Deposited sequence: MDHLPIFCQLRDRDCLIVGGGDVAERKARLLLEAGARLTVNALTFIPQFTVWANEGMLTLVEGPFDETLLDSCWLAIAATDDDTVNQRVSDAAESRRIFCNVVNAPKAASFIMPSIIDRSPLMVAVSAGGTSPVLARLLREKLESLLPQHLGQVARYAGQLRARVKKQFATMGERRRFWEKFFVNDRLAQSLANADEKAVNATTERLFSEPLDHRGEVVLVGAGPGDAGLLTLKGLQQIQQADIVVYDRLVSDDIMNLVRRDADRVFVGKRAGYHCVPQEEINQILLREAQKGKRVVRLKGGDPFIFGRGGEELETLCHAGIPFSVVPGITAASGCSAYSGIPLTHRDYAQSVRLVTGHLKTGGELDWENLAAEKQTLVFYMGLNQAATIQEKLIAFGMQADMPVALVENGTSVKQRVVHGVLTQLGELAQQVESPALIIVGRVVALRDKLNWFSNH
């Protein structure tokens, strides 16, 4: 072992930073977050130090490095640009047996500052001894995406409950299985976050009363339009903790690979399937006691037929929640370079399908952006009947197929070519109509 990691309790302990630049500012902010009583010594200070001082959060000593400021210090940080000054700081702290960090020379120091994931009281720290800062940040970013930030509140509720858990589950296996359920229960985490005490004690005793086997809930998760990177953090966390994932073909293969592999997969899609038995699959599995995730393309509440499922769940007592996704309009907008609103261009955006009878006097009006979902089929009926209501023959139209994926194709023309453009593409495609289409020239970044 090259370094001993220790977690230091710093509240009202004296600490010294030498330096007054932005490096020293980052260090000072960490130590203030830790509750340190902080003195800063520097020849000059960036103004963020004088505001912290005015608000009585630190102490400033303008001048050269004064070894006697270390006199009652627990930690020293040399954060200047002068290796000479840092070495004098480092040497003065060594003789007083004060742990000292040198920002630019981590080998010169008696301690190193690692990358930190703060879910306090829960804390994770990563370092490789200075050999690889970029590896630490790479690991920090993956850790950040996996640990929900309300985990800390769940942590402290746990500690206040270990007497009840131990007095109810005899074996340690029984206890670990309970804790494993406790720490991934999301109505619990949301209730502690939102400070709803009725829902905490409700969820608390529902956790104690149901069998250790059971953990029935259903989560409606938006997978977004295609790109695995457009999943939400909450979404990725939910499909990692799931026992069964129910998915359609509108969920891209890359999203599916993010499903941790001991989960059961249920495909409920096209081949070459009514929503009614989909409701009963979800119903069945939740009442067997499984964490069911329903993955849907895009956003669940935008042409998802996703509300119809949940009111069946609400009438059986099955807890549920919903994680929104990037809808196709927003993804294709961004990946094709067509903003949906802009300036003098479009006051409003309209999301519509292609069922029943629509109102095309309404759809034809100007100063709009029109986005057609599932419109490819009735597409010819759309060109002739927007022009037949006075909308200009020169209005740019665009079709985005497979938006946000590496197979994205965009065809753009003018309203009077709308049918011709149409089956140069296939489903799934969006039809976008309006002046905003004309700014793809200046705004397309996706190669």
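Counting from residue 1 of the deposited sequence, the stretches lacking C-alpha coordinates in this chain are 273 to 276, 359 to 362, 456 to 457.
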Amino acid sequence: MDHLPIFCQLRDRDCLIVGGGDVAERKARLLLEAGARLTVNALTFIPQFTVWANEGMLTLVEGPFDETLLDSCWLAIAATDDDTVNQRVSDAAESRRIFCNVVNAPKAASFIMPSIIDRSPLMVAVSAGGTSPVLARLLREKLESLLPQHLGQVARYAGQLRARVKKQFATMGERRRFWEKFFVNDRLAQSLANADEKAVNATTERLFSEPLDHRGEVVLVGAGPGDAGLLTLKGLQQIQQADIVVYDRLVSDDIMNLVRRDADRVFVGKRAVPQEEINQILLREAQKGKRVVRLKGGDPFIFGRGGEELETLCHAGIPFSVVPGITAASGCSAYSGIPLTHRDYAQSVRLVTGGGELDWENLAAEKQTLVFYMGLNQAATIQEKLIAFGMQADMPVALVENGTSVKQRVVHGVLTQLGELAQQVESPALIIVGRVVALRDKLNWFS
From here on, numbers count along this sequence of modelled residues.
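On average the C-alpha atoms of 255 to 263 have higher B-factors than those of the other stretch, with 255 to 263 and 242 to 250 being the two compared. Two stretches are in play, 438 to 446 and 2 to 10, and the higher mean C-alpha B-factor belongs to 438 to 446. Per the deposited coordinates, the residue with the largest Cα temperature factor out of 61, 411, 28, 36 is 411. Residues shown: 43, 40, 70, 422. Highest C-alpha temperature factor in the entry: 422. When all modelled residues of the chain are sorted by CA temperature factor, residue 306 is found within the highest third. Remark: residue 317 belongs to the middle third of its chain, ranked by C-alpha B-factor as recorded. When all modelled residues of the chain are sorted by CA temperature factor, residue 361 is found within the highest third.
Sorting the modelled residues of the chain by their CA temperature factor places residue 294 in the lowest third.
Ranked by Cα temperature factor within the chain, residue 142 sits in the middle third according to the deposited record.
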